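Each chain, written out:
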Amino acid sequence: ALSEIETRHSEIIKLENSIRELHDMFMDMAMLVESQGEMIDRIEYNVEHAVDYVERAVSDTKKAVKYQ
Amino acid sequence: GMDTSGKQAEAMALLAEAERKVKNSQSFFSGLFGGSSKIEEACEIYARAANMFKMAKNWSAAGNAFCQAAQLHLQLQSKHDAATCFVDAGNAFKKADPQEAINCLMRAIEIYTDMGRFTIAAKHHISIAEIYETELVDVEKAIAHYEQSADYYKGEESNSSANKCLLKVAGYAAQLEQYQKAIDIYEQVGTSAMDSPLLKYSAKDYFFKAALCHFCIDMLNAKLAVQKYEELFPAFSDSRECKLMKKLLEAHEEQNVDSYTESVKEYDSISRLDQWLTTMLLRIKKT
Amino acid sequence: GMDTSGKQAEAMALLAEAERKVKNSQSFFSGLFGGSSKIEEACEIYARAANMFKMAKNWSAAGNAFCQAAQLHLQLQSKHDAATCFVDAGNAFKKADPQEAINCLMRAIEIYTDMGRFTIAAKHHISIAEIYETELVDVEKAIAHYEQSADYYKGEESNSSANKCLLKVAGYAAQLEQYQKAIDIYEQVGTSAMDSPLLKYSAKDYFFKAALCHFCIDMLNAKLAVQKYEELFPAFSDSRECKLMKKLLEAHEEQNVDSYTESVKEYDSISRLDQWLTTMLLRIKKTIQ
Amino acid sequence: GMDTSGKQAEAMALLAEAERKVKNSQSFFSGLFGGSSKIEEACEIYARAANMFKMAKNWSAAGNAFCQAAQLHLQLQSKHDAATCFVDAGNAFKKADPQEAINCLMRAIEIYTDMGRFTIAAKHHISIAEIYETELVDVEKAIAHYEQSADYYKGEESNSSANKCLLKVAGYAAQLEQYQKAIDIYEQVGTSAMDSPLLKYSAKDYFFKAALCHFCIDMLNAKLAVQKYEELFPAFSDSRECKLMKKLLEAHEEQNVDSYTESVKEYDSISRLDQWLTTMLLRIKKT
Amino acid sequence: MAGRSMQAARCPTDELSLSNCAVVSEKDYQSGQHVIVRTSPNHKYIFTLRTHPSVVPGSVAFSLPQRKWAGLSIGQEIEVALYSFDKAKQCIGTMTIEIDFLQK
Amino acid sequence: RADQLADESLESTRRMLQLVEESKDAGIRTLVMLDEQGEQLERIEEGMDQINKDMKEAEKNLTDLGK
Amino acid sequence: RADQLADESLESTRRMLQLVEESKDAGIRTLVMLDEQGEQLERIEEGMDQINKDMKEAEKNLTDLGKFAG
């Protein structure tokens, strides 16, 4: 009984250590993923803007060439 | 700082020479009609003068110069540039005075909708909704803008954004005591989350909120609603939400404040509650 | 809403103007021979009217106008733009008429894969399988589409997507078709993951499903495959799945339904079912005699 | 089946048309001087033929067609299309015969480094290292490619890719009874992981491996290295790694082979090891 | 007679609740009329109507014992069809009634 | 003093329950944002492919016209 | 009856230790990798802004030159 209870105490202290480590690790998870989500959002916006601008650029350049 | 106010002053002088450019448009462009690029560079100097103003920490002046450049730039050509300038003016006006930011954002919305860009229109609608919520007290306008953005996003199979917009609207409605819309949205989103394995675990909260908004309106239907959620989702009763709800609705059958007061205090003993849920419970359990 | 009705009215006006524009263009071609600006402008009008119309809450005719514009554009030796418009029209028809969307997506797949792009073709095949299986109650052509998507993905060494598609195909096959293909696919995916940097501890489930299929075939095959998995994968030896399946096999050998019932019930109680293990277990129980 | 056969037949027709095209086009260039459009059309025909060959599941001939198109295009004084054709030929040759895939990928690396770009060069180097490792046994070439890629990554400030390449190189070196280089790389990466708010959790593993590989040499050096590592990282003693190292050190010190084996078995039971670490521990037990 | 959709409501008065009669609006029905309340194809329950002024047209009121026996809830939509009792057969001669204390 | 150990074990059990529940609650929303990021990512990928194809064809046509 | 107490205790500790070590080892690699995607998307941003500026200047210069020629 003594050995079993001592082993259980070791197991519980390991429980708290591991769970707290994983918890801090997880808040880091969340922070990093939110930052990446924001910055990909900005990149997607800029992608759409560039696509539209370059499409109208080709359109007007081809129209100008046709004018020649 | 004030070395940036000095260049702000010479940016005002640049706006003055742009006034000279419009005077040229008045008088001298009769012979320089081909100087459309002159008007374009006049708009460019307007825009960079607005940029110097922004760097000078004059938000009102920066927004005014941005909107003036946008107005001078929409000469039936390069409409996208005019829309970008208008949204920049709105961003500049977000701080200080955001009222005209609202109108310029509507103008950008109209430009994009005519062009056909729906994602940008919905995002700007969400932006104006949030500026209303954070600046003004009107929620109805924010609710309408969020619903409209959700409609755009669902029109192009952008389901997640519409789902979140509807979730926010339903939460506000439950706080705004419109329980039919809240229950419908909560059950719809719960069923949608149940569809995919990724959001399979989340259905418990949505079912709980739908059941709460059911139980507030018609107490007897609370039993039927919790039952229906349970067979529809066999792993809903196991959830603490369903057990707690059953405890509250069964205690309410007999008039004993101690029972459900102890229940809610125990529930708060394991996890802190939110303003929405706490206010809901305090309102509902009074009668 | 006034906006919707006005959008629908101006879209009809624009469609009529586009039809008159194409008629006048075919007339002017002989009349004046201006080139091809007229046809491109008519296509532009059609596309603008179609986008406004799909903004107008109406979908079927918007997709039809998009298809007409895409056809007229492809008439001008332009393919990628026409193919993209075909894809958009099919997406619009998704909620209006599945068959038109399916046909437009086939045309887009053919043109794209002729160009040289396989990833878009594979994604379109996956979309076809999903749209077919989600609303139409059938698998076989969905299985074919998943297999084609996996093949296209593997052609460019995109292993993850092809593996996922093959896993889905094998799962559907086991649910409905024979278990030989399912057994082979599950064993292959399980054995190709002993060294997985991030999947070191789930090959057990794949091998367990393969063993369950073996048991659904025959007891002797069940046990032989059970050993094969045991020595092949040492970690699987200590897995709870190993003990559960061995207990089930030894129970089924002696013809005692009570042991099987208690084992399955305990397994369900400790951990939930998956709607695929339960069906196979029930089919096994049906043959206890 | 039928689709593959039809693709192969159409592709054979296209190839025959392509040889006819190249022959008649060179003849017409000689006799009429029509420019270079015909050569470009022939190159595009070769590219489409290679694409349809890959469709037909004939990777050797598809890669041959890609290489032919690359050679024809670079003969036309253009590089990027030739490099893309060469890398596509390598991808086709990746299966079946990768030696010519290796050669064409090396040519692609040569042209890319001639242009001046780094990232693609390092990616191709690591790709060739992977090809050698998976299809060949000459791990030395893989080590050299990893070294070149790591040098490029470190120079371009891409610390992550350089760290990964260095870790792989150290693993391979310590595998082939080389410890000094392995010791240096492992301790370097562990030190690099000191201040990392995230990699700090992983910093211990590199030090543990470094201590083991250093202990492959002698005992006293291992004790000094491990105590130095503990002093450098005060909390390293918290993990089971330090106690395991000390226990193995004393067990080897007092020739307690059975105790060493029992401790290794207990560690394996609590956490299974890999082939490499088990080999290292058995090598340690040999003396 | 054919049955028309309505809404289940709460009984307005305690005495009417004790009367065990479905409280309905005068504009919609009459006191003494018998109805069959259908919530589903397999759930039909027969009621006797008692008119009260407070009942809003377009809804039917049931008491809590009634709303528990009949599986009816406030705000739910319920189709009410008039019911005819065969007096040569359905007149209750002797009914076996179980009784118990409502309140502990 | 085994009863004190039992009481401490109960308190630690409660603490573990709270911590695990918080971790699960945050994990659910982590799922939701990963889904959102993938949703946006697919669209940006498709837009990139479209722009690349349009640009290749446009520049090639212009270069051919230049001759 | 303490025998089954010990049995459940050893099962509890065994499963706890293995599963906890699994999570701890697993998360590390993924989050070491996420920074690589972050820096790749940084490079995407840099190259893409340069690309956008390049086309903007090229198109405006082309329009100006075409106007000059006419």
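Basis of the calculations
- Residues numbered from 1 in each chain as written, not as in the entry; some residues may be left out.
- Chains lettered and ligands numbered in written order.
- Part of a larger assembly, values for the part shown.
- Heavy atoms only, no water.
- Helix = DSSP H or I, 4+ residues; strand = E, 2+ residues; numbered from the N terminus.
- Rg over C-alpha atoms; globule rule 2.2 N^0.38 Å.
- Contact = heavy atoms within 4.5 Å.
- Areas by Shrake-Rupley, 256 points an atom, 1.4 Å probe, with all protein chains shown as cover.
- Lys, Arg positive; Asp, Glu negative; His and termini not counted.
- Charge placed at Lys NZ, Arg CZ, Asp CG, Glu CD.
- Buried area = accessible area lost by both parts, 1.4 Å probe.
- Salt bridge = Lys/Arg side-chain N within 4 Å of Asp/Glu carboxyl O.
- Polar contact = N/O pair within 3.5 Å; in protein donor to acceptor, adjacent residues only side chain to side chain.
- Nonpolar A, V, L, I, M, F, W, Y, C, P; charged D, E, K, R; others polar.
- Patch = residues over 30% accessible without salt bridge, like charges linked within 9 Å, V, L, I, M, F, W, Y side chains within 5 Å.
- Buried < 20%, exposed > 50% of the residue type's maximum accessible area, 1.4 Å probe, protein only.
- Core = buried A, V, L, I, M, F, W, Y, C linked by side-chain atoms within 4.5 Å.
- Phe/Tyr/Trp six-rings, centres within 6.5 Å; stacked < 30°, edge-to-face > 60°.
- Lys NZ or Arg CZ within 6 Å of the ring centre and 35° of its normal.
- Pairing = 2+ DSSP bridges.

In the PDB archive, cryo-EM is given as the structure determination method for this entry, at a resolution of 4.03 Å.

Q: What is the right way to read the overall build of chain E from this model?
A: A tally of regular secondary structure across chain E gives two helices and six strands. Ordered by position in the sequence, the α and β elements of chain E form the string β-α-β-β-β-β-α-β. Taking 104 residues into account, the globule formula puts the C-alpha radius of gyration at 13 Å, and chain E, at 14 Å, falls close to it. With the C-alpha coordinates aligned to their principal axes, the bounding extent of chain E is approximately 40 × 35 × 25 Å. A sequence separation of at least 24 residues applies to 73% of the contacts in chain E between residues at least 6 apart. In the form shown here, chain E has an accessible surface area of approximately 7300 Å², with 52% of it arising from carbon and sulfur atoms. Charge separation in chain E, taken as the distance between the mean sites of 11 positive and 9 negative side-chain charges, equals 3 Å.

Q: I tried to follow the interface of chain A and chain F on my own but got confused; where do I start?
A: The accessible area lost on association of the parts is a frequent measure of interface size. Taken together, the 23 residues of chain A in the interface contact 26 residues of chain F. Summing both sides of the interface, chain A and chain F together bury roughly 2100 Å²; the carbon and sulfur share of this comes to 78%. When residues of chain A are sorted by the area they lose upon contact with chain F, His23, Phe26 and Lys62 of chain A head the list and together hold 24% of the total. Across the contact surface, chain A and chain F share one salt bridge. Notably, a salt bridge pairs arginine 43 of chain F with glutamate 44 of chain A, separated by 3.3 Å at the nearest N-O pair. At the boundary of chain A and chain F, one finds three residue pairs in polar contact. In the side of chain A that touches chain F, the residues fall into 14 nonpolar, three polar and six charged.

Q: Is there a simple way to think about a positive patch on the surface in this case?
A: On the surface, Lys154 of chain B together with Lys57, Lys94 and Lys95 of chain C cluster together into a positively charged patch. Among the secondary structure elements, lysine 95 of chain C is positioned in the loop between α4 (80-94) and α5 (98-115). The class of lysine 95 of chain C is partly exposed, set by a relative accessible area of 40%.

Q: Honestly, the nonpolar core in this entry has me stumped. Any pointers?
A: Where a protein is soluble and globular, its nonpolar side chains tend to be buried together. Grouped together as the largest cluster of nonpolar side chains are 82 residues, with contacts concentrated most on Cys213 and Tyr229 of chain C. Broken down by element, the residue count for this core peaks at 10 residues, all from helix α10 (residues 203-217) of chain C. Beyond its immediate chain neighbours, meaning those up to four positions away, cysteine 213 of chain C contacts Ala174, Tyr179, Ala182, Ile183 and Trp276 of chain C. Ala203, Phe215, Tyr229 and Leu249 of chain B belong to the second-largest nonpolar core, a separate cluster that totals 40 residues.

Q: Is there a simple way to think about the interface of chain B and chain F in this case?
A: With 11 residues of chain B in contact, the opposing surface of chain F contributes eight residues. The junction of chain B with chain F conceals about 780 Å² of combined surface from both sides, 55% of it contributed by carbon and sulfur atoms. Summed over the shared surface of chain B and chain F, the result is zero salt bridges. The interface formed by chain B and chain F contains four residue pairs in polar contact. When the residues that make up the side of chain B that touches chain F are grouped by side-chain class, the tally is four nonpolar, six polar and one charged.

Q: Hey, could you run me through the packing of aromatic side chains in this one?
A: Each aromatic ring pair is described using two quantities: the centre-to-centre distance and the angle formed by the ring planes. Residues and elements named next belong to chain B. One pass over the structure, following the stated rule, counts 19 aromatic pairs over all chains. With a centroid separation of 6.2 Å and an interplanar angle of 85°, the aromatic rings of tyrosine 229 and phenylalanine 236 are classed as edge-to-face. Every member of this aromatic cluster is reached through a ring pair, and the members are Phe207, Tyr229, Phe233 and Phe236. For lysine 285, the ring lying beneath its charged end belongs to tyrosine 260, and the centroid distance is 3.5 Å.

Q: How do you make sense of the pairing of strand β3 (residues 34-40) of chain E when you look at a structure like this?
A: The side chains of a regular strand alternate between both faces of the sheet. All names here are of chain E. Two strands pair when backbone bridges link them, and β3 and strand β4 (residues 43-51) are joined in this way by six bridges, in the antiparallel orientation. Bridge assignment links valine 35 to a residue of β4, and that residue is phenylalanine 47. Here β3 hands over to β4 after two residues, the two strands then running antiparallel side by side. Note: β3 against strand β6 (residues 77-83), five bridges, orientation antiparallel. Considered in β6, the bridge of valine 35 is made with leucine 82.

Q: What should I look at first to understand the pattern of salt bridges in this one?
A: Opposite charge on two side chains permits them to pair, given that their charged atoms come into close proximity. All names here are of chain D. Inspection of the entire model under this criterion finds 26 salt bridges over all chains. One salt bridge connects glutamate 241 with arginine 240, and the closest N-O pair in it is separated by 2.8 Å. For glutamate 241, a relative accessible area of 7% corresponds to the buried category. Classification of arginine 240 by relative accessible area gives partly exposed; the value is 27%.

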